[PDB]
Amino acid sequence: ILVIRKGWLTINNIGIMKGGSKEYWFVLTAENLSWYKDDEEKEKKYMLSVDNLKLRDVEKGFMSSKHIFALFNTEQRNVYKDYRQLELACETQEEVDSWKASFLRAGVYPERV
């Protein structure tokens, strides 16, 4: 497999008193987006397929620094587990645009309609 990008991304919507909102190490390929506990890639948390994934800018509206985008399955109501979208937060819009650009190489395109 060819790696399109590896980097840190905060998972914004899968956090509470269980697993608090954390930052994971993501590895994007043309076929999957996996995340690990750290860049040593010793503990893998999940491997999501890029099939039917689109990208959308989340409700960044709340006056906070975090810049959010979200991946979703156009052929399903839930992207993974019982989540509608996988929200991914970054520190800047530049970083978000940067990642958006990498996703195009994986076949993950901006919201269809």
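Numbering starts at 1 and follows the sequence shown.
According to the PDB record, 7 to 15 carries the higher mean C-alpha B-factor of the two stretches 87 to 95 and 7 to 15. For the two regions 75 to 83 and 32 to 40, the entry's Cα B-factors average higher over 75 to 83. Ranking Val58, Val50, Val27, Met47 by Cα temperature factor from the entry places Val58 first.
Sort the chain's modelled residues by C-alpha temperature factor and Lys100 lands in the lowest third, per the entry.
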